[PDB]
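Below is one structure, written out as structure tokens; comments come after it.
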Amino acid sequence: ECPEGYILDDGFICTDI
Amino acid sequence: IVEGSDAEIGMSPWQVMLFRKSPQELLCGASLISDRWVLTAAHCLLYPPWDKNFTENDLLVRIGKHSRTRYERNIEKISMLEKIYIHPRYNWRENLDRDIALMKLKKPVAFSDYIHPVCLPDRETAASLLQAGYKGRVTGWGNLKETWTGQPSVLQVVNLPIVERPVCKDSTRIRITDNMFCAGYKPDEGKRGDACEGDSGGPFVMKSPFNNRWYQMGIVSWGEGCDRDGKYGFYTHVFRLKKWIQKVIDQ
Amino acid sequence: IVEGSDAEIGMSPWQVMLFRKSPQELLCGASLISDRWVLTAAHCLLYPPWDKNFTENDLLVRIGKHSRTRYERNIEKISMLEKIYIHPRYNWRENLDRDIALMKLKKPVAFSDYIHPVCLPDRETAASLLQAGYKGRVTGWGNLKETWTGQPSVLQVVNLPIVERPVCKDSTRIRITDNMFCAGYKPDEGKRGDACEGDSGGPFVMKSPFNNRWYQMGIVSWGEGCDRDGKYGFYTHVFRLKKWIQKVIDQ
Amino acid sequence: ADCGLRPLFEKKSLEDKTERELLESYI
Amino acid sequence: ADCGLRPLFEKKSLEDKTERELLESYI
Ligand SMILES: *C[C@@](*)(O)[C@H](CCCNC(N)=[NH2+])NC(=O)[C@@H]1CCCN1C(=O)[C@H](N)Cc1ccccc1
Ligand SMILES: *C[C@@](*)(O)[C@H](CCCNC(N)=[NH2+])NC(=O)[C@@H]1CCCN1C(=O)[C@H](N)Cc1ccccc1
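Chains as they are written, first to last, in the numbering used here: chain A, 7 to 23; chain B, 1485 to 1735; chain C, 1485 to 1735; chain D, 514 to 540; chain E, 514 to 540.
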């Protein structure tokens, strides 16, 4: 849940964009 | 949205998901009105009684979503606020009078089949679609049930009629003002619906039978409970505020 | 990995990422050895000095990755620990002796062209291959520079010579054991490369010229700096900790 | 200024599942 | 058992860009 990033939704992993 | 439908792809391009950065989670709706201005409900930003007060830096802007959860990668766009303006006579203290807020993006937006702006009304158009009887469309990803506290996985549409001034005022105990409007079926009109918690800012549009373009009439502002009988929800009156909007966007 | 290259796709099937749920951040490496069993370095999960102690619940195992950050949605398989087993004579207090952990997943893993297990050595494969002078290959998404405390954008591979008992020992002040090994070039061989922080648990493998399969020989355990002139990296000695593995892996 | 005209609808010139409802409400 | 036989390689019978530096290594 953090910088740059964005929470996706399958093992609510962060996707860093 | 309580008692809605599932939105259709590309069906509502001016919709914006206002994102709380931390914890990562949904705040409210918004509407793209141009390529760098977005319009939301003032109490999404500031609401002192609950100690809500965000900065152009607590929010992330998502344009072109459908799915609430999914980070739709080559569709969706994420932007960040350069400024944010709250209508100075926004009444957080009494009854949310003038729950209108404008947030200006740091950079413009790319309009895809999915990212596209909604028109603001004319004293002209404002005057003939805003009338008891006429249905407007409300949109969002907040609470489905008044009390489920749940959330839709995809955009929700719901088409409700515009109710009559008294009706509304007689409906609640709150101080209704000229900068509000209520929408919905009567306790006996055998249809339901309503916007709800998590749906503020989202557009309440109307499709012009003339020039045949989609317009914004209200901004989901407040209500009492959700899809409750003989009780309607309130929307900021955008055209009465059309000049403050005119005003900040210029200069 | 310091002094590495970019991994080519599908180059390290057995490689596993071990991710902290919150703050969502990389923790270490792992190797997939079977479909629902995984092997990691023990201090990744427990290191009292530093206040480290995790569970079958603060970690996510991310299998079949390449991009360190990108949530590679159709290729990777996120999983969860059912139980974590740490070697009973794991030495935190003295020299990290027996840096070995085994975590077995709740459900088995789908083998992709990406998810494929690595083989453990035989008394003999382990025998003829574990010889000074021979190159092994290390991989990980940890720190790029001793001090960058940056991070690889994609997996990192790097090949290193296995050094000799002596050299290693004289190489440090720390106590060596029969259960460790050093790998890397002499400060005279004009080549470099090292494993580094955020690298533990990842596999140190060798490709067998007999059967031409890939074996796991070492585990990234410890070091002093990273890519330091005449200081080598220590890998846990898997062949030699292999009966415990074979053991936990019956029940 | 291109506003309120929907790429995938108002242009391709298709109607969405329920806008007929709306248009029918006026008058 | 299927182990250590990389599918995009050993099976498609293709070599990675460096696995042969490794072999010249061994003996
Ligand atoms: C910000 C919005 O998401 C939301 C509106 C939900 C819409 N409800 C229905 N039925 N369409 N607003 C709020 O919660 C605001 C802010 C503070 C209180 N509030 C309410 O809507 C209260 N339920 C009522 C209210 C309180 C004070 C002043 C006006 C209304
Ligand atoms: C946990 C692994 O990420 C890491 C080793 C990284 C590879 N090292 C190099 N450069 N090839 N291990 C550790 O951090 C261990 C655990 C605690 C301290 N530690 C160290 O490597 C220290 N830098 C040195 C050391 C301290 C205590 C006992 C043994 C070694």
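Heads up, the beta-carbon is just placed ideally off N, CA and C, and yes, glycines get one too.
Cβ-based neighbour list, residue 1669/B, same chain, cut-off 8 Å, excluding 5 preceding and 5 following: If you number the second sequence from 1, residue 1669/B lands on position 185. Same-chain partners within the cutoff: 1644, 1645, 1675, 1676 and 1677.
Beta-bridge pairing of residue 1589/C - partner residues as DSSP gives them: The count along the third sequence starts at 1 and reaches residue 1589/C at position 105. Paired residue(s): 1565/C.
For the alpha helix (DSSP H) containing residue 1611/C, list its first residue and its last residue. Against the third sequence, residue 1611/C aligns to sequence position 127. Run containing residue 1611/C: 1609 to 1613, per the alpha helix (DSSP H) assignment.
Would residue 1557/C pass as an interface residue toward chain A - the criterion being a Cβ-Cβ separation below 8 Å? On the third sequence, position 73 is the one that residue 1557/C refers to. For residue 1557/C, the closest Cβ of chain A is nearer than 8 Å.
Tell me residue 1667/B's beta-bridge partners as DSSP assigns them. By 1-based counting over the second sequence, the position of residue 1667/B is 183. Per DSSP, the beta bridge partners of residue 1667/B are 1646/B and 1717/B.
Hey, would you say the C-beta of residue 1705/C is under 7 Å away from at least one heavy atom of ligand 2? Along the third sequence, read from residue 1 onward, the residue named residue 1705/C stands at position 221. Flag set: Cβ of residue 1705/C near ligand 2.
When DSSP labels each residue in this structure, what does residue 1576/C get in the three-state scheme? Reading the third sequence from its first residue, position 92 is the one you call residue 1576/C. The DSSP-derived three-state label of residue 1576/C is coil.
Kindly say whether residue 532/E, judged by its beta-carbon, lies nearer than 8 Å to any beta-carbon of chain C. As a first step, residue 532/E must be located in the fifth sequence, where it is residue number 19. Closer than 8 Å: yes.
Using only the alpha-carbon positions, how far apart do residue 1606/C and residue 1729/C sit? Working through the third sequence from its first residue, we reach residue 1606/C at position 122. Working through the third sequence from its first residue, we reach residue 1729/C at position 245. Their Cα atoms are separated by approximately 13 Å.
If you draw a straight line from the C-alpha of residue 1545/C to the C-alpha of residue 1558/C, how long is it? Translated into positions along the third sequence, residue 1545/C becomes position 61. Translated into positions along the third sequence, residue 1558/C becomes position 74. Taking the straight line joining both Cα atoms gives about 16 Å.
Under 9 Å by beta carbon: chain A residues contacting residue 1506/B: Locating residue 1506/B in the second sequence gives position 22, counting from the first residue. Correct list: 7 and 8.
How about residue 1580/B: is its Cβ closer than 7 Å to a heavy atom in ligand 1? As a working note, residue 1580/B is residue 96 in the second sequence. Yes, ligand 1 has a heavy atom inside 7 Å of this Cβ.
Just mark residue 1627/C as buried or exposed, buried being the case when its beta carbon has 16 or more other beta carbons within 10 Å. The sequence position of residue 1627/C within the third sequence is 143, counting from 1. Around the beta carbon of residue 1627/C, 16 or more other beta carbons lie within 10 angstroms, which makes this residue buried.
By the three-class DSSP mapping on this structure, what secondary structure does residue 1625/C have? Walking along the third sequence from the start, residue 1625/C turns up at place 141. Looking at residue 1625/C - three-state DSSP - the assignment turns out to be coil, as it is neither helix nor strand.
From the beta carbon of residue 1697/C, is the nearest beta carbon of chain E less than 8 Å away? Against the third sequence, residue 1697/C aligns to sequence position 213. Flagged as an interface residue toward chain E: residue 1697/C, by a C-beta distance shorter than 8 Å.
Hey, how far is the Cα of residue 1564/C from the Cα of residue 1658/B? Indexing the third sequence from 1 puts residue 1564/C at position 80. Indexing the second sequence from 1 puts residue 1658/B at position 174. Spanning the two alpha carbons is a distance of roughly 51 Å.
Quick one: what does DSSP say residue 520/E is sitting in, helix, strand or coil? Counted from its first residue, the fifth sequence places residue 520/E at position 7. Of the three classes helix, strand and coil, the one that applies to residue 520/E here is helix, per DSSP.
Amino acids of chain B, ordered along the chain, whose beta-carbon sits closer than 7 Å to that of residue 526/D: Sequence index remark: in the fourth sequence, residue 526/D carries index 13 (1-based). Neighbours of residue 526/D on chain B: none; closest Cβ ~10 Å, over 7 Å.
Can you find the residues in the same chain that come closer than 6 Å, C-beta to C-beta, to residue 1688/C, ignoring five residues on each side of it along the sequence? Translated into the one-based positions of the third sequence, residue 1688/C becomes position 204. Shown here for residue 1688/C: same chain residues with a beta carbon closer than 6 Å to its own, the five before and five after excluded, namely 1620, 1622, 1701, 1702 and 1719 in chain order.
What does residue 1554/C touch in chain A if you count any residue whose Cβ is under 8 Å from its own? The residue labelled residue 1554/C in the question sits at position 70 within the third sequence. Under the 8 Å cutoff, chain A gives 21 and 22.
Can you check whether the CB of residue 1707/C is closer than 8 Å to the CB of residue 1679/C? For the purposes of this step, residue 1679/C is taken as residue 195 along the third sequence, with counting starting at 1. For the purposes of this step, residue 1707/C is taken as residue 223 along the third sequence, with counting starting at 1. The answer is yes: Cβ separation under 8 Å.
In the region 1573 to 1604 of chain C, which residues sit with their C-beta less than 9 Å from some C-beta in chain E, listed in chain order? Considering only beta carbons, the part of the region 1573 to 1604 of chain C lying closer than 9 Å to chain E consists of 1595, 1596, 1597, 1598, 1600, 1601, 1602, 1603 and 1604, in chain order.
Taking residue 1642/C and residue 1485/C to be in contact with their CB atoms under 8 Å, please state how far apart those CB atoms are, rounded to whole angstroms. Residue mapping note: residue 1642/C aligns to position 158 of the third sequence, counting from 1. Residue mapping note: residue 1485/C aligns to position 1 of the third sequence, counting from 1. With a beta-carbon spacing of about 5 Å, residue 1642/C and residue 1485/C fall inside the 8 Å limit used to define contacts.
DSSP beta-bridge partners for residue 1505/C? Position 21 of the third sequence, counted from the first residue, corresponds to residue 1505/C. Beta-bridge pairing links residue 1505/C to 1508/C.
Listing by chain order, which chain A residues have their CB less than 9 Å from the CB of residue 1544/C? Translated into the one-based positions of the third sequence, residue 1544/C becomes position 60. Simply 17 and 19.
Contacts that residue 1562/C makes with chain A (C-beta to C-beta distance below 8 Å): Reading the third sequence from its first residue, position 78 is the one you call residue 1562/C. Simply 16, 17 and 19.
Taking only beta carbons into account, state which residues of the region 1608 to 1620 of chain B come closer than 9 Å to chain D, listed in chain order. Result list: 1612, 1613, 1615, 1617, 1618, 1619 and 1620.
From what residue to what residue does the beta strand (DSSP E) around residue 1691/C run? Taking the third sequence and counting its residues from 1, one reaches residue 1691/C at position 207. DSSP places residue 1691/C in the uninterrupted beta strand (DSSP E) bounded by 1687 to 1691.
Within the 8 Å Cβ cut-off, does residue 1691/B reach chain D? Translated into the one-based positions of the second sequence, residue 1691/B becomes position 207. Cβ-Cβ to chain D under 8 Å: yes for residue 1691/B.
Residue 1503/C: buried (16+ other C-beta within 10 angstroms of its C-beta) or exposed? By one-based count along the third sequence, residue 1503/C stands at place 19. Result: buried.
For residue 520/E and residue 1596/C, I'd like the C-alpha separation in whole angstroms. Here residue 520/E refers to the residue found at position 7 when the fifth sequence is read from its first residue. Here residue 1596/C refers to the residue found at position 112 when the third sequence is read from its first residue. So the two alpha carbons sit approximately 8 Å from each other.
With distances taken from CA atoms, which of 1704/B, 1636/B, 1571/B and 1548/B is nearest residue 1717/B? Stepping through the second sequence from its first residue, residue 1717/B is reached at position 233. Ranking the options by Cα distance to residue 1717/B, first place goes to 1704/B.
When you compare each of 1610/C, 1671/C and 1656/C to residue 1726/C by their alpha carbons, which one comes out closest? Locating residue 1726/C in the third sequence gives position 242, counting from the first residue. Ranking 1610/C, 1671/C and 1656/C by Cα distance to residue 1726/C puts 1610/C first.
Which of helix, strand or coil DSSP assigns to residue 1654/B: Walking along the second sequence from the start, residue 1654/B turns up at place 170. Helix.
Residues from the region 1635 to 1665 of chain C in contact with chain E, defined by Cβ distance under 8 Å: Hits within the stretch, in order: 1641, 1643 and 1645.
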